[PDB]
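First comes the structure, then the notes that go with it.
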Amino acid sequence: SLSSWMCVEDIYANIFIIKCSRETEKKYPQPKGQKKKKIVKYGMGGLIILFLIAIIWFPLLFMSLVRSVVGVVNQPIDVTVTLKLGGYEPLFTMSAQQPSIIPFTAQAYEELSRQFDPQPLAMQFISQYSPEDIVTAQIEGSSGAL
Amino acid sequence: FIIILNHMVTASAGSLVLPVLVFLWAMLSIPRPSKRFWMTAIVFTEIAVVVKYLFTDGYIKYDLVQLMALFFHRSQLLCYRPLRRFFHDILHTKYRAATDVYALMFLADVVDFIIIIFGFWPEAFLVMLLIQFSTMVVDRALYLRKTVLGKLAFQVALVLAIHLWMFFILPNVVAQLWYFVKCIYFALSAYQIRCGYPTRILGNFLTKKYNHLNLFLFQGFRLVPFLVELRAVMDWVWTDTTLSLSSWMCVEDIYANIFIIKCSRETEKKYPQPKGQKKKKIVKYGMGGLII
Amino acid sequence: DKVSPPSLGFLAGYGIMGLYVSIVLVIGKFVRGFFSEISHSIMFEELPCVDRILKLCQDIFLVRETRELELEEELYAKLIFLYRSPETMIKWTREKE
Amino acid sequence: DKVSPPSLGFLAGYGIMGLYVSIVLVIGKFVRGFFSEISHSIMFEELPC
Amino acid sequence: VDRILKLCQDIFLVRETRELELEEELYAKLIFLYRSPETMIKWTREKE
Amino acid sequence: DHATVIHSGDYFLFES
Ligand SMILES: CCCCCCCC/C=C\CCCCCCCC(=O)O[C@@H](COC(=O)CCCCCCCCCCCCCCCCC)COP(=O)(O)OCCN
Ligand SMILES: CCCCCCCC/C=C\CCCCCCCC(=O)O[C@@H](COC(=O)CCCCCCCCCCCCCCCCC)COP(=O)(O)OCCN
């Protein structure tokens, strides 16, 4: 049948592998009572040990490597400001666009640091941002609309 | 204890000298730490007091305890080229009652491993984990090959390295512990370099008594993923054998299973059960219940 | 505030931490396979001289070629009764020196 | 440019290619189970009466 | 399982004192107990 | 030879 066919084929595969090994040990005999050479041991064993470390630590390492990335400075393109009295049409509307939007120079950042040096909570906040993350929108004081 | 506790609190670079010297001059001296160790410690602690005085609020409180503890010792110890020579003694002495403290040197290393992992709060953690693992492997090698000179060198290296890396490069309750537990490792290691390895070092540790605790610890150690396998290969590489790896690992399996049967045969001789007695309902409902 | 666009952000979350642990467990049991019950197959893998069995296995094949299928059945019976009696394999597989 | 909204886009990426390979390997070892050591249980499965 | 525990512990003693010729001869006994199901029913019987 | 010592056990060793 098939069960029996496959049991004859398994016996043959394993009897072959034993036969091959019996031959090699007749062509290259080893003396009685001779320690296995250190090189063989350190080679085979070494690889196995390494594989185990690389199945535990390495996965974690690679995931943590992925986590070493950056963030992007998304400065505003437009800073739209409106002053509205109650229900009525806005009194003032201005759109500070690219030129009016000026990123902080290192000097403007040092000036901010100086101005807020007396407030430790303000310095703790300022120190979270780069000079590129802080922008001055120079909003023109005349309404850009009638 | 106090010299090491000072370095955990102050964490400077002045309070690093004495902990290094404890682990590499005091604990590795065969007869007893000499006068010169104790006098060095007294003089150094006095200096640091003066120096810090001549320069915050907290500065000289722990150093007062230190100095007074070192002068207490002196009172008890009074009521009752050189480098080569020092090393020679350690390597070849005659006052070496031999002991085996590998079991425990290892438990300290396990506990550390756990601290690093559990309290991971990252490249730092990653590198440190590998370091701890690699020290454990080297330790096994020097145990199985029985080298005291190798253990001396490993101690010297590790003491200096950890005391520098963790106190300059790397910089915290987690790291404060890691340090205490690694200090216990350096102490136990020094006992072994001073006492010497025994004659019969091979064997297991939990397979000496055939009780019930032993069975449950053996079986538990087998469950940790990878431990059983790494032990086997490591012991093969370093012990001198005529067998291969296939055959080494077949002798180690026969032994594990013959142990487990032996433990169970013992329990059933100490606590016999009558012929023809039904298994009690509680046992059944407990085991079965959980499975369901 | 700085915005953040990752490329390999599929490996994120505590579900990914749990996944890792589970992988280790599975691989662990696979490795145990090679180191656990290797004493149960010593009877069928430590045979001293495997030559007389190689002749039976190669004679089943010759018979299949020349289509004399009655002898395929009788030679299958010998192979199955060697592997069903552990002590007749220690007679057939001994080093005849 | 044309925009693109897939519905079954969970099967995308080279991670999905690697996943496929791994599945094959696992199933492969499972099938081997049936064809490998079937000679070790002949004593307990070929009983005449 | 007591007589097998003695063979397994004697392989270990020989490895300690480095008399590696007897490690080979004692491995041969352990391998021929596990290769003959009926010599294990003689070695592992309760000697009462 | 090593492999003729490993593979040479008989039923006489497991005797008395
Ligand atoms: C014209 C009719 C002539 C005779 C027809 C019936 C004779 C052959 C009967 C089997 C063929 C028809 C059934 C098809 C299903 C095949 C499996 C089966 O036999 O059906 C049964 C197996 O039980 C039997 O063996 C009863 C005999 C029926 C099949 C006999 C074929 C050879 C008999 C010895 C081998 C045992 C089964 C091996 C077959 C598959 C091996 C991978 C289902 O276990 P399974 O494998 O699913 O478990 C795998 C679960 N993971
Ligand atoms: C200076 C030269 C001195 C002699 C060199 C050759 C003697 C040793 C030969 C093996 C070492 C060199 C080959 C490295 C590959 C190691 C595996 C191997 O032997 O290569 C073969 C195994 O076949 C052989 O055993 C042929 C003998 C070569 C190795 C002999 C070592 C001991 C022999 C008895 C054990 C059998 C294999 C055990 C080795 C690994 C056990 C986990 C590959 O099956 P594997 O395991 O990959 O299947 C796992 C698949 N999942």
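Here, A, B, ... name the chains of the structure tokens in the order displayed, residue numbers run from 1 inside each chain, and ligands are numbered from 1 in the same displayed order.
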
Please build the interface table for chain C against ligand 2 with a cut-off of 12 Å, listing for each qualifying residue the nearest atom pair and the distance in Å to one decimal; count only C-alpha atoms and all ligand atoms, order rows by chain and increasing number, and write it as a Markdown table.
| residue | atom | partner | partner_atom_place_in_ligand_line | distance |
| --- | --- | --- | --- | --- |
| C:30 | CA | ligand 2 | 51 (N) | 10.7 |
| C:31 | CA | ligand 2 | 51 (N) | 10.1 |
| C:32 | CA | ligand 2 | 42 (C) | 11.8 |
| C:33 | CA | ligand 2 | 51 (N) | 10.9 |
| C:34 | CA | ligand 2 | 42 (C) | 7.8 |
| C:35 | CA | ligand 2 | 42 (C) | 9.0 |
| C:38 | CA | ligand 2 | 42 (C) | 11.8 |
| C:45 | CA | ligand 2 | 36 (C) | 11.0 |
| C:46 | CA | ligand 2 | 34 (C) | 10.8 |

Residues just named, written with N, CA, C and O atoms as an mmCIF file, in the first residue's frame:
data_model
loop_
_atom_site.group_PDB
_atom_site.id
_atom_site.type_symbol
_atom_site.label_atom_id
_atom_site.label_comp_id
_atom_site.auth_asym_id
_atom_site.auth_seq_id
_atom_site.Cartn_x
_atom_site.Cartn_y
_atom_site.Cartn_z
ATOM 1 N N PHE C 30 11.328 23.471 19.899
ATOM 2 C CA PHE C 30 11.897 22.813 18.736
ATOM 3 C C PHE C 30 13.313 22.333 19.031
ATOM 4 O O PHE C 30 13.670 21.199 18.709
ATOM 5 N N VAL C 31 14.121 23.173 19.664
ATOM 6 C CA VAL C 31 15.483 22.785 19.995
ATOM 7 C C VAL C 31 15.476 21.652 21.008
ATOM 8 O O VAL C 31 16.288 20.732 20.927
ATOM 9 N N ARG C 32 14.552 21.698 21.952
ATOM 10 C CA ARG C 32 14.465 20.624 22.919
ATOM 11 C C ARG C 32 14.315 19.301 22.189
ATOM 12 O O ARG C 32 14.914 18.313 22.590
ATOM 13 N N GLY C 33 13.522 19.273 21.122
ATOM 14 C CA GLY C 33 13.380 18.060 20.350
ATOM 15 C C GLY C 33 14.666 17.306 20.110
ATOM 16 O O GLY C 33 14.707 16.094 20.265
ATOM 17 N N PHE C 34 15.723 18.006 19.738
ATOM 18 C CA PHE C 34 16.976 17.337 19.433
ATOM 19 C C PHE C 34 17.712 16.856 20.658
ATOM 20 O O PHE C 34 18.513 15.941 20.570
ATOM 21 N N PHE C 35 17.467 17.473 21.801
ATOM 22 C CA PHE C 35 18.204 17.119 23.001
ATOM 23 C C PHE C 35 17.409 16.311 24.003
ATOM 24 O O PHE C 35 17.947 15.939 25.034
ATOM 25 N N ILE C 38 16.409 11.240 22.902
ATOM 26 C CA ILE C 38 17.289 10.706 21.900
ATOM 27 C C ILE C 38 17.749 9.382 22.404
ATOM 28 O O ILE C 38 18.596 8.757 21.804
ATOM 29 N N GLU C 45 19.286 3.117 15.759
ATOM 30 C CA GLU C 45 20.244 4.067 15.227
ATOM 31 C C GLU C 45 21.674 3.832 15.644
ATOM 32 O O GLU C 45 22.548 4.594 15.279
ATOM 33 N N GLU C 46 21.927 2.790 16.408
ATOM 34 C CA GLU C 46 23.276 2.492 16.836
ATOM 35 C C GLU C 46 23.672 1.131 16.399
ATOM 36 O O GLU C 46 24.389 0.456 17.107
#

List as a PDB file with N, CA, C and O atoms, in the first residue's frame the protein and nucleic acid residues near residue C:74, meaning an atom at most 12 Å away when only C-alpha atoms are counted, but skip any in the same chain fewer than 6 places from it.
ATOM      1  N   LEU C  56      18.740  -6.925   2.078  1.00  0.00           N
ATOM      2  CA  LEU C  56      17.297  -7.131   1.997  1.00  0.00           C
ATOM      3  C   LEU C  56      16.628  -5.949   1.354  1.00  0.00           C
ATOM      4  O   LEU C  56      15.687  -6.119   0.611  1.00  0.00           O
ATOM      5  N   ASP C  59      17.128  -6.110  -2.364  1.00  0.00           N
ATOM      6  CA  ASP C  59      16.505  -7.234  -3.037  1.00  0.00           C
ATOM      7  C   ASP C  59      15.030  -7.016  -3.195  1.00  0.00           C
ATOM      8  O   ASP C  59      14.409  -7.631  -4.039  1.00  0.00           O
ATOM      9  N   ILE C  60      14.449  -6.133  -2.405  1.00  0.00           N
ATOM     10  CA  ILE C  60      13.056  -5.814  -2.583  1.00  0.00           C
ATOM     11  C   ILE C  60      13.043  -5.035  -3.867  1.00  0.00           C
ATOM     12  O   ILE C  60      12.162  -5.219  -4.688  1.00  0.00           O
ATOM     13  N   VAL C  63      13.368  -7.198  -7.169  1.00  0.00           N
ATOM     14  CA  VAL C  63      12.167  -7.934  -7.461  1.00  0.00           C
ATOM     15  C   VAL C  63      11.133  -7.012  -8.095  1.00  0.00           C
ATOM     16  O   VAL C  63      10.463  -7.400  -9.040  1.00  0.00           O
ATOM     17  N   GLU C  68       8.412  -9.742 -10.164  1.00  0.00           N
ATOM     18  CA  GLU C  68       8.130 -11.059  -9.622  1.00  0.00           C
ATOM     19  C   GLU C  68       7.470 -10.721  -8.333  1.00  0.00           C
ATOM     20  O   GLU C  68       7.952 -11.118  -7.291  1.00  0.00           O
ATOM     21  N   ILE C  80       9.870  -6.507   8.076  1.00  0.00           N
ATOM     22  CA  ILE C  80       8.964  -6.120   9.139  1.00  0.00           C
ATOM     23  C   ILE C  80       9.144  -6.964  10.399  1.00  0.00           C
ATOM     24  O   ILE C  80       8.824  -6.504  11.475  1.00  0.00           O
ATOM     25  N   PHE C  81       9.721  -8.152  10.321  1.00  0.00           N
ATOM     26  CA  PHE C  81       9.904  -8.911  11.533  1.00  0.00           C
ATOM     27  C   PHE C  81      11.281  -8.783  12.046  1.00  0.00           C
ATOM     28  O   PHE C  81      11.685  -9.594  12.841  1.00  0.00           O
TER      29      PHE C  81
END

Give as a VMD selection string the residues surrounding ligand 1 up to a distance of 9 Å, considering only C-alpha atoms and all ligand atoms. (chain A and resid 1 to 4) or (chain D and resid 34)

Polymer residues at most 10 Å from stretch 105-111 of chain A, only C-alpha atoms, same-chain spacing of 4 or more positions, as a PyMOL selection string: chain A and resi 115-117+126-127+129-132+134-136

Quote the spacing between atom CA of residue E:33 and atom CA of residue B:244 in Å to one decimal place.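 Distance between the two atoms: 19.6 Å.
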
Return the single residue from E:12, E:27, E:43, E:32 that is closest to residue F:11, with distances computed using only C-alpha atoms. E:32

Using only C-alpha atoms and a distance of at most 12 Å, pull out the residues of chain A that contact chain F, as a PyMOL selection string. chain A and resi 21-36

For the residues selected in the previous step, produce a file with N, CA and C atoms as a compact mmCIF listing (two decimals), in the first residue's frame.
# COMPACT_ATOMS: atom_id res chain seq x y z
N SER A 21 28.51 6.41 7.51
CA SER A 21 29.30 6.70 8.68
C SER A 21 30.19 5.56 9.12
N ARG A 22 29.76 4.33 8.90
CA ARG A 22 30.58 3.19 9.25
C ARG A 22 31.79 3.14 8.34
N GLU A 23 31.60 3.47 7.07
CA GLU A 23 32.73 3.51 6.16
C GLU A 23 33.75 4.56 6.56
N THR A 24 33.32 5.80 6.79
CA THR A 24 34.29 6.83 7.10
C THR A 24 35.14 6.45 8.29
N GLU A 25 34.58 5.72 9.24
CA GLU A 25 35.33 5.38 10.44
C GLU A 25 36.16 4.15 10.28
N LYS A 26 36.27 3.64 9.07
CA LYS A 26 37.15 2.51 8.83
C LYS A 26 38.29 3.05 8.00
N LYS A 27 38.02 4.08 7.23
CA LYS A 27 39.06 4.68 6.41
C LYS A 27 39.91 5.58 7.26
N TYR A 28 39.30 6.27 8.20
CA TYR A 28 40.03 7.18 9.07
C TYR A 28 39.85 6.81 10.52
N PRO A 29 40.53 5.77 10.99
CA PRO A 29 40.27 5.33 12.36
C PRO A 29 40.79 6.27 13.42
N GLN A 30 40.30 6.12 14.65
CA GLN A 30 40.78 6.95 15.75
C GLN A 30 41.24 6.03 16.86
N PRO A 31 42.40 6.33 17.46
CA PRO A 31 42.95 5.45 18.50
C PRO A 31 42.07 5.29 19.72
N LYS A 32 42.26 4.19 20.43
CA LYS A 32 41.50 3.95 21.64
C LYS A 32 41.88 4.92 22.70
N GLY A 33 40.91 5.63 23.26
CA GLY A 33 41.20 6.43 24.42
C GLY A 33 41.85 7.74 24.06
N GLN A 34 41.46 8.30 22.93
CA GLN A 34 42.07 9.53 22.49
C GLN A 34 41.04 10.62 22.55
N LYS A 35 41.33 11.69 23.28
CA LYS A 35 40.39 12.77 23.43
C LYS A 35 40.06 13.43 22.12
N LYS A 36 38.81 13.86 21.97
CA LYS A 36 38.42 14.56 20.77
C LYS A 36 39.20 15.86 20.73

Residues of chain C within 8 Å of chain E, using only C-alpha atoms, as an MDAnalysis selection string? chainID C and resid 39 42:43 46 86:87 90
